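Only one structure is covered here, and it is reproduced in the block below.
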Amino acid sequence: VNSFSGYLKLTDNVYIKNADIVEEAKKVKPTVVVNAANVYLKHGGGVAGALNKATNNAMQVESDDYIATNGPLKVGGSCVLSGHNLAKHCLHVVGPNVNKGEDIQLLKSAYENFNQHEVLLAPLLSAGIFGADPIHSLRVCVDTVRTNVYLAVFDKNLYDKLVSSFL
Ligand SMILES: Cc1c[nH]c2ncnc(C(=O)N[C@@H](CC(=O)O)c3ccccc3)c12
């Protein structure tokens with residue numbers, strides 16, 4: 001039993017809700033919140049911009065130190081950093097950005113990072129400003145993640161399409 005509330009069960013381990021991931025993180029304080037990161041950990045907009053804003057820019061400060069030490073992530077890769085006031089940890093995961101020409105096949109590699117964590121609160125990777133079809137992203141999530149994932153979909157209209165169209 002965990003604290004996540006109001007989710008629709010899609011499979012044994014994948015759950016979905018129409019919700020704002022920032023507000024959901026502040027309410028649940030999960031062990032892991034996933035950020036929709038880029039390789040530079042520049043959290044300017046989309047999910048990343050919103051999560052960073054909610055930390056009063058502390059996520060960005062920590063991220064800049066991480067990059068100065070380690071260099072950029074790989075597309076499809078991840079790193080674990082602090083969750084600040086939102087969660088114990090933030091798993092920064094880089095899905096391919098279609099608006100940069102990046103191979104959509106890397107979306108599966110990106111979701112594989114979730115399997116290193118027993119339970120996570122997450123967005124659909126490569127959705128929103130990353131330009132991928134959220135229906136495809138959901139299919140990859142369900143077919144790749146084996147740990148317990150609680151997916152937050154900000155847009156009410158998109159959520160209904162994902163549910164109503166889920167196979
Ligand atoms: C851009 C942005 C800023 N802050 C955010 N917080 C959470 N999500 C998103 C985002 O891009 N969402 C996508 C996917 C989803 O509905 O989850 C979406 C799809 C259709 C219509 C609107 C938005 C953002």
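Going through the structure tokens in order, the chains are called A, B, and so on, while each chain numbers its residues from 1 and the ligands are numbered from 1 in the order shown.
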
Around ligand 1, out to 7 Å and counting only C-alpha atoms and all ligand atoms, which residues are there? I want them as a PDB file with C-alpha atoms, in the first residue's frame.
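So result-v2.pdb came out as:
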ATOM      1  CA  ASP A  20      -0.136  18.310 -12.251  1.00  0.00           C
ATOM      2  CA  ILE A  21       3.099  16.509 -11.356  1.00  0.00           C
ATOM      3  CA  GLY A  45      10.270  24.798 -19.655  1.00  0.00           C
ATOM      4  CA  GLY A  46       7.804  21.956 -19.747  1.00  0.00           C
ATOM      5  CA  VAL A  47       7.888  19.577 -16.801  1.00  0.00           C
ATOM      6  CA  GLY A  49      10.835  24.183 -15.907  1.00  0.00           C
ATOM      7  CA  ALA A  50       7.849  23.600 -13.626  1.00  0.00           C
ATOM      8  CA  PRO A 123       5.510  12.153 -16.638  1.00  0.00           C
ATOM      9  CA  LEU A 124       5.235  10.540 -20.056  1.00  0.00           C
ATOM     10  CA  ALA A 127       5.690  14.130 -24.387  1.00  0.00           C
ATOM     11  CA  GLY A 128       4.850  17.824 -24.342  1.00  0.00           C
ATOM     12  CA  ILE A 129       7.607  20.048 -25.714  1.00  0.00           C
ATOM     13  CA  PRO A 134       2.084  10.612 -25.991  1.00  0.00           C
ATOM     14  CA  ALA A 152       0.740  12.137 -14.184  1.00  0.00           C
ATOM     15  CA  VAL A 153      -0.808  13.662 -17.319  1.00  0.00           C
ATOM     16  CA  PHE A 154      -1.289  17.425 -16.940  1.00  0.00           C
ATOM     17  CA  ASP A 155      -3.789  17.900 -19.772  1.00  0.00           C
ATOM     18  CA  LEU A 158      -4.927  14.127 -23.510  1.00  0.00           C
ATOM     19  CA  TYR A 159      -5.549  11.928 -20.471  1.00  0.00           C
TER      20      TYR A 159
END

Could you list, with a cut-off of 9 Å and counting only C-alpha atoms, the residues of range 107-144 of chain A near range 72-80 of chain A, each shown with its nearest atom pair and the distance in Å rounded to one decimal, rows sorted by chain and ascending number, as JSON lines?
{"residue": "A:107", "atom": "CA", "partner": "A:76", "partner_atom": "CA", "distance": 6.5}
{"residue": "A:108", "atom": "CA", "partner": "A:76", "partner_atom": "CA", "distance": 7.8}
{"residue": "A:109", "atom": "CA", "partner": "A:76", "partner_atom": "CA", "distance": 5.1}
{"residue": "A:110", "atom": "CA", "partner": "A:76", "partner_atom": "CA", "distance": 4.1}
{"residue": "A:111", "atom": "CA", "partner": "A:76", "partner_atom": "CA", "distance": 7.9}
{"residue": "A:112", "atom": "CA", "partner": "A:76", "partner_atom": "CA", "distance": 8.6}
{"residue": "A:113", "atom": "CA", "partner": "A:78", "partner_atom": "CA", "distance": 6.7}

Residues from last step as file, N, CA, C and O atoms, as a compact mmCIF listing (two decimals), in the first residue's frame:
# COMPACT_ATOMS: atom_id res chain seq x y z
N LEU A 107 13.56 6.12 -26.76
CA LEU A 107 12.55 6.24 -25.72
C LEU A 107 12.52 4.99 -24.84
O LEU A 107 12.34 5.09 -23.62
N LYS A 108 12.69 3.80 -25.43
CA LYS A 108 12.71 2.60 -24.60
C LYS A 108 13.88 2.62 -23.63
O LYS A 108 13.72 2.33 -22.44
N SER A 109 15.07 3.00 -24.12
CA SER A 109 16.23 3.11 -23.24
C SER A 109 15.97 4.09 -22.10
O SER A 109 16.34 3.84 -20.95
N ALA A 110 15.30 5.20 -22.41
CA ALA A 110 14.98 6.19 -21.38
C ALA A 110 14.10 5.57 -20.30
O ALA A 110 14.35 5.73 -19.10
N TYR A 111 13.04 4.86 -20.71
CA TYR A 111 12.15 4.24 -19.72
C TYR A 111 12.84 3.14 -18.92
O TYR A 111 12.45 2.88 -17.78
N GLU A 112 13.86 2.48 -19.49
CA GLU A 112 14.55 1.44 -18.74
C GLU A 112 15.15 1.97 -17.44
O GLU A 112 15.29 1.23 -16.46
N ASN A 113 15.48 3.27 -17.40
CA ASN A 113 16.01 3.84 -16.17
C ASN A 113 15.03 3.69 -15.01
O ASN A 113 15.44 3.61 -13.85

Which residues are close to residue 8 in chain A, i.e. within 8 Å by only C-alpha atoms, leaving aside same-chain residues fewer than 6 positions away? Reply as a PDB file with N, CA and C atoms, in the first residue's frame.
ATOM      1  N   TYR A  15       0.012   2.857 -13.547  1.00  0.00           N
ATOM      2  CA  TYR A  15      -1.148   3.624 -13.133  1.00  0.00           C
ATOM      3  C   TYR A  15      -1.077   5.005 -13.779  1.00  0.00           C
ATOM      4  N   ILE A  16      -2.235   5.648 -13.938  1.00  0.00           N
ATOM      5  CA  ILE A  16      -2.301   6.914 -14.673  1.00  0.00           C
ATOM      6  C   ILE A  16      -3.360   7.821 -14.061  1.00  0.00           C
ATOM      7  N   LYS A  17      -3.090   9.128 -14.065  1.00  0.00           N
ATOM      8  CA  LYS A  17      -3.990  10.115 -13.479  1.00  0.00           C
ATOM      9  C   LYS A  17      -3.854  11.431 -14.233  1.00  0.00           C
TER      10      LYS A  17
END

Using backbone DSSP assignments, extract all strand (DSSP E) residues from range 3-165 of chain A; output them as a PyMOL selection string. chain A and resi 8-9+14-18+32-36+78-82+89-93+119-122+148-153

Write a file of the selected residues as an mmCIF file, in the first residue's frame, keeping N, CA and C atoms.
data_model
loop_
_atom_site.group_PDB
_atom_site.id
_atom_site.type_symbol
_atom_site.label_atom_id
_atom_site.label_comp_id
_atom_site.auth_asym_id
_atom_site.auth_seq_id
_atom_site.Cartn_x
_atom_site.Cartn_y
_atom_site.Cartn_z
ATOM 1 N N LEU A 8 -5.980 5.557 -12.164
ATOM 2 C CA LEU A 8 -6.562 4.455 -12.916
ATOM 3 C C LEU A 8 -5.472 3.424 -13.183
ATOM 4 N N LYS A 9 -5.801 2.158 -12.957
ATOM 5 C CA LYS A 9 -4.860 1.061 -13.120
ATOM 6 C C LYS A 9 -4.897 0.608 -14.574
ATOM 7 N N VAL A 14 1.462 -0.269 -13.896
ATOM 8 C CA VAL A 14 1.349 1.073 -14.468
ATOM 9 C C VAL A 14 -0.016 1.666 -14.140
ATOM 10 N N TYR A 15 0.012 2.857 -13.547
ATOM 11 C CA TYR A 15 -1.148 3.624 -13.133
ATOM 12 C C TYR A 15 -1.077 5.005 -13.779
ATOM 13 N N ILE A 16 -2.235 5.648 -13.938
ATOM 14 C CA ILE A 16 -2.301 6.914 -14.673
ATOM 15 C C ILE A 16 -3.360 7.821 -14.061
ATOM 16 N N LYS A 17 -3.090 9.128 -14.065
ATOM 17 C CA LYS A 17 -3.990 10.115 -13.479
ATOM 18 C C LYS A 17 -3.854 11.431 -14.233
ATOM 19 N N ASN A 18 -4.968 12.146 -14.382
ATOM 20 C CA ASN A 18 -4.939 13.523 -14.861
ATOM 21 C C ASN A 18 -4.542 14.397 -13.682
ATOM 22 N N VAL A 32 10.775 8.879 -5.337
ATOM 23 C CA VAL A 32 11.359 9.291 -6.608
ATOM 24 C C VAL A 32 10.313 10.038 -7.430
ATOM 25 N N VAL A 33 10.643 11.260 -7.847
ATOM 26 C CA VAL A 33 9.935 11.951 -8.917
ATOM 27 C C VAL A 33 10.855 11.988 -10.125
ATOM 28 N N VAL A 34 10.298 11.691 -11.296
ATOM 29 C CA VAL A 34 11.041 11.737 -12.545
ATOM 30 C C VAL A 34 10.909 13.122 -13.162
ATOM 31 N N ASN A 35 12.043 13.685 -13.582
ATOM 32 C CA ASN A 35 12.070 14.893 -14.387
ATOM 33 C C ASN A 35 12.302 14.547 -15.847
ATOM 34 N N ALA A 36 11.590 15.277 -16.711
ATOM 35 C CA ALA A 36 11.790 15.288 -18.159
ATOM 36 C C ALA A 36 12.978 16.195 -18.478
ATOM 37 N N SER A 78 20.212 8.901 -17.556
ATOM 38 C CA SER A 78 19.622 9.494 -16.369
ATOM 39 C C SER A 78 20.692 9.746 -15.321
ATOM 40 N N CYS A 79 20.315 10.550 -14.331
ATOM 41 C CA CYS A 79 21.082 10.646 -13.103
ATOM 42 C C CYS A 79 20.113 10.871 -11.953
ATOM 43 N N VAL A 80 20.529 10.455 -10.759
ATOM 44 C CA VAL A 80 19.769 10.660 -9.533
ATOM 45 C C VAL A 80 20.336 11.867 -8.797
ATOM 46 N N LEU A 81 19.485 12.851 -8.531
ATOM 47 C CA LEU A 81 19.852 14.023 -7.752
ATOM 48 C C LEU A 81 18.821 14.205 -6.641
ATOM 49 N N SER A 82 18.964 15.281 -5.874
ATOM 50 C CA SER A 82 18.014 15.527 -4.801
ATOM 51 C C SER A 82 16.612 15.797 -5.347
ATOM 52 N N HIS A 89 14.234 11.905 -3.904
ATOM 53 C CA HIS A 89 15.154 11.953 -5.025
ATOM 54 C C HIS A 89 14.418 12.416 -6.269
ATOM 55 N N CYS A 90 15.165 13.039 -7.174
ATOM 56 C CA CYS A 90 14.695 13.283 -8.530
ATOM 57 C C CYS A 90 15.540 12.464 -9.492
ATOM 58 N N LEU A 91 14.877 11.609 -10.269
ATOM 59 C CA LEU A 91 15.514 10.872 -11.356
ATOM 60 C C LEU A 91 15.355 11.710 -12.617
ATOM 61 N N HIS A 92 16.446 12.353 -13.047
ATOM 62 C CA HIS A 92 16.446 13.151 -14.269
ATOM 63 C C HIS A 92 16.653 12.194 -15.428
ATOM 64 N N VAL A 93 15.652 12.051 -16.293
ATOM 65 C CA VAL A 93 15.705 11.099 -17.401
ATOM 66 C C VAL A 93 15.596 11.874 -18.701
ATOM 67 N N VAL A 119 9.336 2.238 -7.039
ATOM 68 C CA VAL A 119 8.128 3.043 -7.203
ATOM 69 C C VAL A 119 8.539 4.443 -7.641
ATOM 70 N N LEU A 120 7.826 5.007 -8.620
ATOM 71 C CA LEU A 120 8.142 6.343 -9.114
ATOM 72 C C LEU A 120 6.881 7.097 -9.495
ATOM 73 N N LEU A 121 6.924 8.418 -9.304
ATOM 74 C CA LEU A 121 5.963 9.354 -9.880
ATOM 75 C C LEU A 121 6.617 9.995 -11.094
ATOM 76 N N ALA A 122 5.949 9.955 -12.239
ATOM 77 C CA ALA A 122 6.609 10.315 -13.485
ATOM 78 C C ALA A 122 5.677 10.977 -14.486
ATOM 79 N N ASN A 148 6.804 -0.098 -10.251
ATOM 80 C CA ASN A 148 5.491 0.520 -10.074
ATOM 81 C C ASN A 148 5.576 1.997 -10.429
ATOM 82 N N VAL A 149 4.915 2.389 -11.510
ATOM 83 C CA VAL A 149 5.000 3.750 -12.013
ATOM 84 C C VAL A 149 3.623 4.402 -11.967
ATOM 85 N N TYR A 150 3.601 5.612 -11.409
ATOM 86 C CA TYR A 150 2.416 6.446 -11.276
ATOM 87 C C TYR A 150 2.603 7.636 -12.201
ATOM 88 N N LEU A 151 1.883 7.605 -13.324
ATOM 89 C CA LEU A 151 2.026 8.566 -14.412
ATOM 90 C C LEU A 151 1.041 9.710 -14.241
ATOM 91 N N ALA A 152 1.553 10.936 -14.286
ATOM 92 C CA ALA A 152 0.740 12.137 -14.184
ATOM 93 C C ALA A 152 0.675 12.798 -15.555
ATOM 94 N N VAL A 153 -0.544 13.007 -16.043
ATOM 95 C CA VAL A 153 -0.808 13.662 -17.319
ATOM 96 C C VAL A 153 -1.503 14.986 -17.017
#

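Interatomic distance, CA of residue 6 in chain A to CA of residue 28 in chain A: 12.2 Å.
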
Which one is closest to residue 117 in chain A: A:31, A:66, A:96, A:26? Count only C-alpha atoms. A:31

For residue 68 in chain A: contacts at 12 Å, only C-alpha atoms, fewer than 6 positions along chain excluded, given as a list in words: residues 40, 41, 61 and 62 of chain A

For the residues selected in the previous step, produce a file with N, CA, C and O atoms as a PDB file, in the first residue's frame.
ATOM      1  N   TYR A  40      21.796  18.624 -20.768  1.00  0.00           N
ATOM      2  CA  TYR A  40      22.501  19.690 -20.064  1.00  0.00           C
ATOM      3  C   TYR A  40      21.887  19.997 -18.712  1.00  0.00           C
ATOM      4  O   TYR A  40      22.388  20.878 -18.000  1.00  0.00           O
ATOM      5  N   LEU A  41      20.811  19.305 -18.351  1.00  0.00           N
ATOM      6  CA  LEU A  41      20.042  19.611 -17.152  1.00  0.00           C
ATOM      7  C   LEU A  41      19.689  21.098 -17.068  1.00  0.00           C
ATOM      8  O   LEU A  41      19.716  21.697 -15.994  1.00  0.00           O
ATOM      9  N   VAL A  61      20.504  24.947  -9.543  1.00  0.00           N
ATOM     10  CA  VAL A  61      21.809  25.161  -8.923  1.00  0.00           C
ATOM     11  C   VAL A  61      22.533  23.828  -8.736  1.00  0.00           C
ATOM     12  O   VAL A  61      23.713  23.683  -9.085  1.00  0.00           O
ATOM     13  N   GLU A  62      21.823  22.832  -8.201  1.00  0.00           N
ATOM     14  CA  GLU A  62      22.408  21.510  -8.015  1.00  0.00           C
ATOM     15  C   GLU A  62      22.809  20.900  -9.353  1.00  0.00           C
ATOM     16  O   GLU A  62      23.866  20.260  -9.477  1.00  0.00           O
TER      17      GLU A  62
END

Out of range 20-87 of chain A, which residues get helix (DSSP H, G or I) from DSSP, as an MDAnalysis selection string? chainID A and resid 21:28 46:54 58:70

Could the residues in this selection be written to a file with N, CA and C atoms, as a compact mmCIF listing (two decimals), in the first residue's frame?
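Just written: part-v6.txt:
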# COMPACT_ATOMS: atom_id res chain seq x y z
N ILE A 21 2.05 17.27 -12.03
CA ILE A 21 3.10 16.51 -11.36
C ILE A 21 3.73 17.30 -10.22
N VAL A 22 3.79 18.63 -10.35
CA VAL A 22 4.33 19.46 -9.27
C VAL A 22 3.45 19.37 -8.03
N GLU A 23 2.14 19.55 -8.21
CA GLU A 23 1.23 19.47 -7.08
C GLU A 23 1.16 18.06 -6.52
N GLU A 24 1.25 17.06 -7.39
CA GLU A 24 1.22 15.68 -6.93
C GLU A 24 2.47 15.36 -6.11
N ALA A 25 3.63 15.85 -6.55
CA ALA A 25 4.85 15.62 -5.79
C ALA A 25 4.79 16.31 -4.43
N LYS A 26 4.32 17.55 -4.38
CA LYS A 26 4.23 18.26 -3.11
C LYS A 26 3.29 17.56 -2.14
N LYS A 27 2.26 16.88 -2.65
CA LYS A 27 1.29 16.23 -1.78
C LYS A 27 1.78 14.86 -1.31
N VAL A 28 2.36 14.07 -2.20
CA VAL A 28 2.77 12.71 -1.84
C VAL A 28 4.18 12.64 -1.25
N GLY A 46 8.45 23.24 -19.89
CA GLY A 46 7.80 21.96 -19.75
C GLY A 46 7.82 21.49 -18.30
N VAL A 47 7.82 20.17 -18.13
CA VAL A 47 7.89 19.58 -16.80
C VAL A 47 9.11 20.09 -16.05
N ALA A 48 10.28 20.08 -16.71
CA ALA A 48 11.51 20.45 -16.03
C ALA A 48 11.44 21.88 -15.52
N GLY A 49 10.97 22.81 -16.36
CA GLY A 49 10.84 24.18 -15.91
C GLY A 49 9.91 24.30 -14.71
N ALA A 50 8.81 23.54 -14.72
CA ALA A 50 7.85 23.60 -13.63
C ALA A 50 8.41 22.99 -12.34
N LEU A 51 9.06 21.83 -12.44
CA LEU A 51 9.65 21.24 -11.23
C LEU A 51 10.72 22.17 -10.66
N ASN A 52 11.57 22.72 -11.52
CA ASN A 52 12.63 23.59 -11.02
C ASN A 52 12.06 24.84 -10.36
N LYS A 53 11.05 25.45 -10.98
CA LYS A 53 10.41 26.62 -10.39
C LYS A 53 9.88 26.30 -9.00
N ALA A 54 9.28 25.12 -8.84
CA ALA A 54 8.74 24.73 -7.54
C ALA A 54 9.82 24.56 -6.48
N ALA A 58 16.54 25.76 -6.80
CA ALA A 58 17.56 24.92 -6.18
C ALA A 58 17.91 23.71 -7.05
N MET A 59 16.93 23.16 -7.77
CA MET A 59 17.22 22.07 -8.70
C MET A 59 18.23 22.50 -9.76
N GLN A 60 18.06 23.71 -10.31
CA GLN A 60 19.00 24.19 -11.32
C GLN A 60 20.40 24.38 -10.75
N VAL A 61 20.50 24.95 -9.54
CA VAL A 61 21.81 25.16 -8.92
C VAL A 61 22.53 23.83 -8.74
N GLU A 62 21.82 22.83 -8.20
CA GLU A 62 22.41 21.51 -8.01
C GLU A 62 22.81 20.90 -9.35
N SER A 63 21.95 21.07 -10.36
CA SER A 63 22.20 20.50 -11.68
C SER A 63 23.42 21.11 -12.34
N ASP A 64 23.60 22.43 -12.20
CA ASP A 64 24.76 23.07 -12.81
C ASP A 64 26.05 22.54 -12.20
N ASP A 65 26.06 22.30 -10.89
CA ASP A 65 27.23 21.69 -10.26
C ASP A 65 27.45 20.27 -10.78
N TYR A 66 26.38 19.50 -10.95
CA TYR A 66 26.50 18.14 -11.49
C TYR A 66 27.15 18.16 -12.88
N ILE A 67 26.67 19.04 -13.77
CA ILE A 67 27.21 19.10 -15.13
C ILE A 67 28.65 19.58 -15.13
N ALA A 68 28.97 20.57 -14.29
CA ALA A 68 30.35 21.05 -14.23
C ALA A 68 31.32 19.94 -13.86
N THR A 69 30.88 18.99 -13.04
CA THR A 69 31.72 17.88 -12.60
C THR A 69 31.72 16.71 -13.58
N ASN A 70 30.56 16.38 -14.14
CA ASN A 70 30.38 15.12 -14.86
C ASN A 70 30.16 15.27 -16.35
